[PDB]
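The block underneath contains the structure these notes are about, expressed in C-alpha cells.
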Ligand SMILES: Nc1nc2c(ncn2[C@@H]2O[C@H](COP(=O)(O)OP(=O)(O)OP(=O)(O)O)[C@@H](O)[C@H]2O)c(=O)[nH]1
Ligand SMILES: Nc1nc2c(ncn2[C@@H]2O[C@H](COP(=O)(O)OP(=O)(O)OP(=O)(O)O)[C@@H](O)[C@H]2O)c(=O)[nH]1
Ligand SMILES: Nc1nc2c(ncn2[C@@H]2O[C@H](COP(=O)(O)OP(=O)(O)O)[C@@H](O)[C@H]2O)c(=O)[nH]1
Ligand SMILES: Nc1nc2c(ncn2[C@@H]2O[C@H](COP(=O)(O)OP(=O)(O)O)[C@@H](O)[C@H]2O)c(=O)[nH]1
Ligand SMILES: [Mg+2]
Ligand SMILES: [Mg+2]
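Protein chains in written order, with the authors' numbering: chain VA, 1 to 437; chain UA, 1 to 43, 45 to 437; chain VM, 1 to 431; chain UM, 1 to 431; chain 9M, 104 to 187; chain 1B, 40 to 103; chain 3W, 444 to 451.
Quick look at the structure:
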C-alpha cells in the first residue's frame, strides 16, 4: 500500500543511491541479484519491502527508483557491477554527455532529451502503484545535472502530479570548500527553482560529514563511501516508519505539516546519532538522553552553521530501536528547560516524536557500530540563513565582474535570470530574518 | 547515586589520580579491563557508583578525565595496563606542552583545548544522577597544572556553580624545588583559584619525602610511593560515600565545616598511621595514639611548623575498627594538651567521621595493612608562613622584573602580576586578622 | 561512449603524439602490432574514446596524422608501440613547411586542408559522440603552427560547438631557436585566441629544468621530457576514459577554468617526479603530491607563478586515496598562499578524482592552471616580435607566401590586448 | 607530535651532526640501511621527532646538511650512517665561504640560501607540530659563522614563534684558532644574540682537556670529542623522545633559563664521564654524579665557574632515578656552595628525570649552565676584535664582500653592552 | 599474485573476433563479462563504486525478514480469490 | 624564493588541526548538571502557591 | 616494487 519512489540525479545522487539501495537490500534481506531466500509464502507474512521494491510473478524484487544521469560511467558501474540483475535495464537512464557543471546545460539543451524518457519511466512506475506516498530526489546543488536537469525534472513533476510530496536530499556546498568554481552560480540558479516547487529539502554538507565521521568514528582517511553510507543510514531512519511498525508513527505526510511553518521555509538540517564507532561503542552506554544531547550538540550538526546563533523552529526526533517513550519525554523536558537551545518565541511546542521498533541494520563494510538505539534529528533551524548570506556574498563576488557567465549566456539561457535568482535568494534571506526576529 | 567527577590536570595530577584509580579498582575488585569478576559470594553492591558507572555486560567505565598538554604521560597511560578501563576520548591530549608557563596554560593554548574537556565534563555529569562534587588533581608547580587548572576552575564555576570543587594540589616546598618559575605560577594560580575553590588540600614533596624516610623506613623509593600515599589520603576522604556506618560525612560537610571565612579555604592533610609492615608488628595501633601521631609536629603533609600557629578546624576521618569512646578520649586529651593550641573562638573545632570499612592495601605499596587509620584535615594558621615565604620569593622575583618577558610576550599582561601581589598580600592580612 | 580524436600536426606534434599513442597503448594494454593483451577490463571498457576497432584484436587509433616531413612521418610510423596506425589516416606532404608559419599555412597548407578535413570527417561519422578534438602542435614551428591553426579555424567553423584541446609546445624564450619564432608564435596564438576553447602550453626550457633538477638522470635528453608530455596527455583526459570517483571531462575543465573566453591558456604539470636514487627515500602521500604540484619547478610553461597570481587551477588526482586529504590540502594552499591567488573568485582551486592509477605509480596528479604568469611569456614574445619586426626582418618570406603587415600588426595587437586583460584581471580587486 | 628539525653548517656542523645521528640512531635502534632493528616499543613511539617515515619500514632523518664544500658531504656519505640521509637535503656549494662572515652572508653562499630554506620549509611543512629548529656549526668557522647565521636570521624572520636553538663551537681561550676568528665570532654572536632562543657553546680546548685528563684516552683524536658533543645533544633532547618521570623539554629549558631577552648562552657538561681505568673503582650513585655534575673539572666549553657564579642550572638525568636523592643532592649543593650562586635567584636548579638512559650507561646526567663566568669568552673576543679593528688587520675582506666599520662598531657595541648588562646582574645583591 | 582472476578461454576467443560496430568483439565480450558477478572477476576493489556491496555471501550470515516488519493480514485474512 | 607550501597529514588529537571550523563550539556554556528530581520539586513549589485554600485533607479511616 | 625493478 504505502510506497515512495526515488530519483537519483547525477554523480552525487547515483552514488548516494548506490549506498542507499545497498542498505535497503541488506536490511530487507534481498540478495544483490534481486531474489530473497524466501517469498510471500513459506514464512514471513511481510510487506515492509513493498515501500521500495516491486514484486513480480517469479520472485524478483525490482526497485521503485530511477538512477538518471546525463553522463556515461556513474550509472555504468551500477549496470556492470554488483547490483545489475536487481535493477531494471531501462531504469538506469544515462544520457549522451554530461552538463559538465552548468545549470544552463543541465536545464535547457541537454536536459530536453532525457526528461521525456524519465517522465515516461516514472509514469510507468506510478502506474505500478497502489497509492503513492511521495518522491525522494537525491541530488546535489553543486552543478550540472544536480542543479539543472534535476530542477527541470522537479518542475515537470510539479506540473504533472501536483499535491504529492517532493522531498529533496541535497549536498549543499561548504563555507571554505567547493568542487566547481560555478557552484555559487548553480546553487542560487537552482534554489530559484526548488523554493517554489519543493516541500522540504534536507541539507547535507560534505565537510560536516567529514567532521562527524572523523571525530566520532575516528577514521583518519574518510571518503565518499563513508559519506554515502552515513547519508543512507539517515534516509533509512527517515523512511523506516513506513516499513516497520511499533510506537508513534510518522510518515511523509506528517513530515510536511511538522517542519514547514511557512511555504518558503522548508530547508531542514539532518542529524544522526550515534555516529560512534565499534571501538568507542564499548565504553559508553547508549542512553536516549545522551543520544538526544548528541543530536542537539553542534559538533554533530550535518551542515556547518552553528545553531547557537539562531532559533530552532520545529524539530522532529525519529527514534529507532529499543526506545521506551519516557526517556524520550524526559530528554525533551531537559532540553526544553535548558536555555541555550533557544526555540523561537511563537512555537511553544517544538518537538514531534516518531518511535520505530526496528533496530538499525548495520552495513557490513561500513564504520558504524551496531547500536540498539538511534535517533534522527530533523530541525528547521534559522542558522542556515548564515549559509544563504555567505552564498549570496560569493555570488556577488563572482558576478561583480561577469566571471563564468559566458557559458551560461551562450548555452541558451538568458543573462538576466541571474538577477531574478539573486533577488529571490535575497527575499529568502530577509524572510528568514523576519521570521527569526 | 552519589558521585564525584575527577579531573586530572598536568603530569603530577595525572600520576596522582592514576594511583587513585589503581586504589579504587583494587578496593572495588574491578579488573583493569573494566570487567567485574565478583560472582563467588555476592550473588548486589554498587559502592563503585561514586567512581564507576556500569556500561553493559560486566564493564565499568570510570568518571575521569586525564588532561595534559604534552602527549606522553597520557600516551603511556593509553599504551599501559589500564587501556580497556578508560573511555578513549576521556584521555585528552594536546600537541605542545605549556612549559611551566601560566600564560601558555591559560591564555594561548588553553583557549582552544578547554572546550573539549568542558564537553567531556558535561557528558560525565549528564551520565550522573546524584553528582555532588569535583576532585581535581593538579600541581601548583606551573604550566598545565596551574594555568589550565585555573581556566578549568573559572569555567566550571560558571558552568555548574554551587557544586563543590576540591583541589588536591602539590604545594611547593620551602627548600626543595624543581622549576624556577614556581614563585610566579603559584601566585598566579592562587589569585584565580581563590574565589572559586571550596577546599584546597595542599601536600608537599619534601614533607612526604621525610615522612617516607622516618615512618615508612625507606630511603630510596620514587614518586610512586608519594602517589600511593596521596591515593590513600583521597581514599580516606571519599570512603564515606562508598561506605557509610557510624558518623558519616559527604563532600558538603568538611567543606562547610573546614572553612570559617570564604577566603581561608586552604586545609592541610595528614594520614596516620603511615607505618611500614616491618615496624608495625611491634606496635599497638590504637585511637588513643594515632591522633597523637597526627598532631605530632613533624608528621604533616606540608612542613609548616604547627607549634607556631593555632588550629581552626581539625576534621578527622577515622577508618577501620573504631569505637567512639576513644575518639572522645583522644579529643579530650588533645584539647587538654597545652602545646596544641586553638583559636579563642573555637571550642568546637573538631568534626569526626568514623567508617567501619578498613583501609584497603594496594599490591606493591609500602603502607602496612592497619586495622585503624585516620585522615586529619587542619585549617591551621601555620600555612601563613608558607604564604609569606612564597610572597617573599615573588617579591624578590618581580622587584626588578626577572622572567617576565615570556609572560608579557605571549598574552598575559603586566598588571596581573600586581593584582596577584595585592591579592596574596590581602590573603596574608586575612590570616593575621583572623588569627589574632 | 564519448569521443576524442587526437589529430596531430608538425614534427613536434608528431613526436609528442607518438609518445601519447605509446604511453596510452601500454596503459590500455595494446602491443605494438595492435592486438589487446592487457590484464584488466577496466582498460577494455572505454577503449572506444581513442581506438577504432577492427576484426581480430586490432584497435587502430583514431588519429588524423597531419605532417609535411616524410622522414618525420616514417619515424613516427616505425617507432616502437606506434606501428598501430591505420594506413588510411596518413596524410602528409612532401614539400615541407621549412620552419615557416605562412608556408605551412597557405602554400602547403590550404591544398592539404581538403584531404585532411576529409580524413577528419571520415573519422567523425565513425563515432557516436565526438566529445572533442585534440590538436597537438608547437608554437614557433613550421608545419604544426600554420597548418595546425588553419585546422583549428576550419574545424571550428564546420563543427562550432565542440571542445578543441590545443595542446601546444612553446620553445625556450632565450637563445634563438627558430629564426621566426616570435612571428609564428604571435600568429599561432592569434588564431588560438578566438578559435580555441582551451589550450595547454609547454616550454622546452622548463621541461629541461624539471628533468634536470628533480628527475636528475644526468642529462635530461628528450625521451623523459616527452614522457612527461604524454603523462599530461593521459592525465588530463582520464575521467573521460577510466571510471572512478568525482569526474571532470574536457567541458567541465573548460567551464571551471575559463572565466573569460579570451583567457584560456593553461600551464600543465605532472607531479609524481623523483630521481633514481631518491625514490626509496620519499614517502608518497597526497600532501606530498600537492606540494610537488604547487612547487614552481614542476611548471612546464616556464612562467614562475610567484610573479603573478592564479585565476583558476584544476588538479586531477588519478589513483585511489582519501578525498579528506585532497580537500584539506586544496583548502590549505588557498588559506596560506591567498595573496598569490585572486580574491574575486572564491575557491579557485579545483579537484577531480579517478580510481585507476597509471603504469608503475601508486597515484598521480595532473596540475593545470589558468594564471597570470604566462603574461610574461606573451609580453616577451611580443617584445621580440616588435624588435625583429621594426627592421622588417624575414618579412619577405611571409609576404611571398601570402601574408602582410596588416595581419602582423593585428596579431600583435591581439597579443598586446590579451596581455592587457591578464594585467587588468591581475590588478582587479573584489569590489 | 613535538618535532624538531636538524641542520648542519660547515665541516664542524657536518661532523658533529654525523656523530649526533649515529648516536641517536644507535639509541633508537635504526640500522644504517634505514630499517628498525630494535627490541623495545619505546623506540617507535616518538620516532617522528627526528625521522620521517618512508615506503616500507624505512626511516629518513630530518637533517638539512648544508655548506659550500663538497668534501664534507663526500666524507659523511662515505662514512657509516650516511645512507639514511636524503640526497634532496644535500644542498651544497663548491667554493667555501673563505672563513668569512660577509662571504657567508652576502656572497654566493647567500645565493644557495634560497634553496636551503626551500628544503627547510619543505621539511617544516611536512612537519606536524614544528617544535623547533636546531642548528650545529662553529662561531669562528666558515659556512657556520656565515650561512649558518644567515639561516638563523631568515628562519627567525619567517617563523618567529618556534625555538631556534644552536650549539656552535666557540674558540679556545689559548693558542690562536683562526686569524679572522674575532671578526667572525663578533659578527656571528651579534646575530645570535638578536634572534635565537638558546645556545649550547662547545670549545675544543676543554674538550681536549676532558678527553685527555678525565677520560684517559692518550690519543683523543676528534671522534671522541664529537662523541661527547653528541652525548650532550642526546641528553638534552631525550625528553622530547623518551617517557619516564617528570620531564622538561627544550621549551621548558628555554623558559626556566633565559630570564631576559638577551643572555641565552649556556655552557653544558656531561657527567657520567669517569676514567675507563676507574669504572671499576667508582660506584654509581647520585651523590657522586652530583659532584661530577658541579665539578669545575667537567665544565665542557670554556670557563672556570669559580670566576663567577651560576645564574641558573639545569640537570637532565637519564636512568631509573629514585629521585628523592636527586633533589636532595641538588638542594645539598645549592646550600653548601651558595657563594658560587646567584642570591637574587633562589632555588635556581632544574631537574628533569627520564627513565630511559643512553645505551651502555646505567645513569647519565647532562649539565646546562647559564653561568656568570661566561664573561671571559665575550670579553676576550671583544678585546681581540677591537685590538685588530684599531689595527686594520684583515678588515678589507669584510668590506670587500659587503661590510663596513659602522656595522663592525655596533657589533662591538652589542658585545660591550652585553658584557655591561651581564655585570649588572653579576654584581647585583639580593637586597 | 595477480589483480584479476584467470578468465576462461572461450570469452577471450569471443573477444578476439570482429569489430564492435556490428558487435562481435568488445561489445559481446563486455556483455558476457556483464553476465557474471564482479567478485569472481577480481580480488581487489579497483573501483570506488565496487566496494559498495562487497563479498556479502561470506561476510553476512543467513538473511532473514525484519523482526518488526509490517504484514499483509488485511489482505490475507480479508479478500479471497474464488467464492460463491 | 618562498615556494608554494600546502599543509600536512596532522596526526589527530583534542586540539583542532583538520576540522574545518578552527574553533570548538559548545552547546551548553553555563548549564551543566540538570537535577531532574530537584527541578521537579521546584515545579511543585511554584505550582502549590496557586491553590485556593489549605492542604487537601483526604479523608478519615474506620472510626471503630 | 615490480614496476620499480623493471625501471631499474
Ligand atoms: N556526499 C557525496 N557527495 C558527492 C559524491 N560525489 C559527488 N558529490 C558532490 O558532487 C559535487 C560535484 O558536482 P556533481 O554532483 O558531481 O555534478 P554532476 O551531478 O555530476 O553534474 P555534472 O557536473 O554536469 O557532471 C561535489 O561538490 C560533491 O560534494 C558522493 O559520492 N557523496
Ligand atoms: N607527587 C608527585 N609530584 C609530582 C609528580 N610529577 C611532578 N610532580 C611535581 O610537580 C611539580 C612541577 O609541576 P609539573 O607537574 O611538573 O608541571 P605540569 O603540571 O605537568 O605542567 P607542564 O609541565 O606544563 O606539563 C614538581 O615540583 C614536582 O614536585 C609526581 O609524579 N608525583
Ligand atoms: N617538445 C618538442 N619540441 C620540439 C620538437 N621538435 C622541435 N621542437 C621545438 O621547435 C623548434 C623547431 O621547430 P621545428 O620542429 O623545426 O618545426 P617544423 O619545421 O614544423 O618541423 C625548436 O626550437 C624546438 O625547441 C619535439 O620533437 N619536441
Ligand atoms: N666537527 C669538526 N670540527 C672541526 C674540524 N676541524 C675544525 N673543527 C672546529 O671548527 C672550528 C673551525 O671551524 P672551520 O673548520 O674553519 O669551519 P669551516 O670553514 O666551515 O669548515 C675550530 O675551532 C675547530 O674546533 C672537523 O674536522 N670536524
Ligand atoms: Mg557528472
Ligand atoms: Mg609536563
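Each residue gets a CB set at the ideal place from its N, CA and C atoms; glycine is no exception.
Query	Result
Residue 201 (chain UM) to residue 380 (chain UM) span [Cα, whole Å]	15 Å
Beta carbon nearer than 7 Å to a non-hydrogen atom of ligand 5	10 (chain VA), 11 (chain VA), 69 (chain VA), 71 (chain VA), 74 (chain VA), 98 (chain VA), 144 (chain VA), 145 (chain VA) and 247 (chain VM)
Straight-line Cα distance separating residue 52 (chain UA) from residue 1 (chain UA)	10 Å
Cβ separation of residue 318 (chain UM) and residue 363 (chain UM), assumed to be a contact under 8 Å, to the nearest whole Å	7 Å
For residue 116 (chain VA), the nearest candidate out of 130 (chain VA), 149 (chain VA) and 133 (chain VA) (CA to CA)	149 (chain VA)
Check: residue 236 (chain UA) C-beta below 6 Å from any heavy atom of ligand 7	The ligand content of the structure shown is limited to ligand 1, ligand 2, ligand 3, ligand 4, ligand 5 and ligand 6, which means ligand 7 is not among them.
Closest by C-alpha distance to residue 192 (chain VA), when choosing among 432 (chain VA), 422 (chain VA), 435 (chain VA) and 131 (chain VA)	422 (chain VA)
Short CB-CB distance (under 7 Å) between residue 121 (chain UM) and chain 1B	yes
First and last residue of the uninterrupted beta strand (DSSP E) at residue 200 (chain UM)	198-200
Collapsed DSSP secondary structure at residue 162 (chain UM) in the structure displayed	coil
Beta strand (DSSP E) segment containing residue 354 (chain VM), residue limits	349-354
Opposing strand residues paired with residue 4 (chain VA) [DSSP bridges]	134 (chain VA)
Residue 201 (chain VM): CB within 6 Å of a non-hydrogen atom of ligand 3	no
Through-space distance from residue 104 (chain VA) to residue 384 (chain VM), alpha-carbon basis	43 Å
Identified DSSP bridge partners for residue 55 (chain VA)	61 (chain VA)
Rounded distance between the beta-carbons of residue 426 (chain VM) and residue 372 (chain VM), thought under 8 Å	4 Å
Spatially closest choice to residue 294 (chain VM) from 197 (chain VM), 218 (chain VM) and 369 (chain VM), by CA coordinates	369 (chain VM)
Beta-carbon spacing of residue 16 (chain UM), residue 136 (chain UM) below 7 Å	yes
Residue-chain proximity (residue 2 (chain UA), chain 1B), Cβ-Cβ < 7 Å	no
Sub-7 Å separation of residue 242 (chain VM) and residue 127 (chain VM) beta-carbons	no
Residue 74 (chain VM) beta carbon near ligand 3 (any heavy atom closer than 6 Å)	no
Residue from 383 (chain VA), 290 (chain VA), 299 (chain VA) and 151 (chain VA) whose Cα sits closest to the Cα of residue 63 (chain 1B)	299 (chain VA)
Neighbouring residues, chain UA, relative to residue 55 (chain 1B) (Cβ below 8 Å)	113
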